[PDB]
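Colleague: Okay, here's the structure, questions in a sec.
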Amino acid sequence: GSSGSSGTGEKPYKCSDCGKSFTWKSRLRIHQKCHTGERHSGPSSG
Ligand SMILES: [Zn+2]
Numbered sequence: 001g002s003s004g005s006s007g008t009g010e011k012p013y014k015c016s017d018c019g020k021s022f023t024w025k026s027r028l029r030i031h032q033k034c035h036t037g038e039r040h041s042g043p044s045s046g
């Protein structure tokens, strides 16, 4: 179950954990924590 969603343009933010780019800073913060915590959540949407 490996997803791949690439946009366009070097984002000012990058997750130094997996390797994903985020346009908004707020979003990243959420993702970061998302990593840890297994609550009926495995596969991603996009
Ligand atoms: Zn990440």
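Read left to right, the sequence shown gives residues 1 to 46 (the deposited numbering).
Each residue gets a CB set at the ideal place from its N, CA and C atoms; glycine is no exception.
Keeping to the same chain, check which residues put their C-beta closer than 8 Å to that of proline 12; ignore five residues upstream and five downstream.
Modeller: These residues qualify, in order along the chain: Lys25.
Colleague: Looking at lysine 25 and ligand 1, is the gap between the Cβ and the nearest heavy atom below 7 Å?
Modeller: No, the Cβ of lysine 25 stays beyond 7 Å of every heavy atom of ligand 1.
Colleague: Hey, how far is the Cα of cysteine 34 from the Cα of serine 6?
Modeller: The alpha-carbon atoms of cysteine 34 and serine 6 are separated by roughly 19 Å.
Colleague: Please name the residue, chosen from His31, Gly4 and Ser2, that lies closest to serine 16 on a Cα-to-Cα basis.
Modeller: The candidate whose alpha carbon is nearest that of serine 16 is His31.
Colleague: Mind checking which residues open and close the alpha helix (DSSP H) that includes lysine 33?
Modeller: 25-35 is the extent of the alpha helix (DSSP H) around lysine 33.
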